[PDB]
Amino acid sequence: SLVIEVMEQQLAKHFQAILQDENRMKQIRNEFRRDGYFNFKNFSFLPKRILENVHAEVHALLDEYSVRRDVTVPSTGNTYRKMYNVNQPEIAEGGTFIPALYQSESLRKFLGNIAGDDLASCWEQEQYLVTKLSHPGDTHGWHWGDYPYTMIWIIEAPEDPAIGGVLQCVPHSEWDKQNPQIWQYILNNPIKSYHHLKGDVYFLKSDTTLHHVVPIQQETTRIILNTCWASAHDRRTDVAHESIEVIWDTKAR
């Protein structure tokens, strides 16, 4: 309670210091909207101490709740999901910093400032998820998100991109679960590829940016936290969660 109250104060001061440079914010909003992506590199998104607390929490959650999954997702053209993961109810049961950060007003206002929108909590069992890629073949195939505003926290990552785990993106698409047309979006757009290191945290426009994680080529450790927010002006009533159900499940396993 008191640690979280102090943490929110440190977050507000951190985000206010970034927002003070409006001319730089214009470029950040530009890049995020144009590319559907913006990376806060080298422990810059949060105060470094708080970020390292998140890294330790993710490691502890994997040590406690890790579940191996090797499935295909019919709503994303049957692309593969081969990973260890921890779902939202498991993170909600043992986590402390991650559930609090998801509800952080200063964090939501800062991301909303970049995105040009108001952030709100998404469907509960998708609010935060963890994935771990380790073995050759582990991947997070081509997909979209059901909700627009996703933050990916790089907990562990190989420094050599040849080992795998590269993120590739096609922005300004959208998700047709019955007719995804993934290859047509790839043919009609250039693909931008990104490599990430431990401490990176990147903002992703997940509902209109087709993306995937290049499969692992050699035994390594790639761990990410996914915090996902809806739009406060989302007027959708019939959002299906078939991808979350098959990869992470909705109950503590």
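From 1 onward, residues are counted along the sequence shown.
- For the pair 200-208 and 215-223, the record assigns the higher mean C-alpha temperature factor to 215-223.
- In this crystal structure, the stretch out of 181-189 and 48-56 whose C-alpha atoms carry the higher mean B factor is 48-56.
- Set against one another, the Cα B-factors of 86, 169, 107, 154 in the record reach their highest point at 107.
- Split the chain's modelled residues into thirds by C-alpha temperature factor. Residue 100 is in the highest one.
- Residue 116: CA B factor in the middle third of modelled residues in this chain (values from the PDB entry).
- The entry lists a Cα temperature factor for residue 69 that places it in the highest third of the chain's modelled residues.
- Among all modelled residues in its chain, residue 230 ranks in the lowest third by Cα B-factor.
- In the PDB entry, residue 165 places in the lowest third of its chain by CA B-factor.
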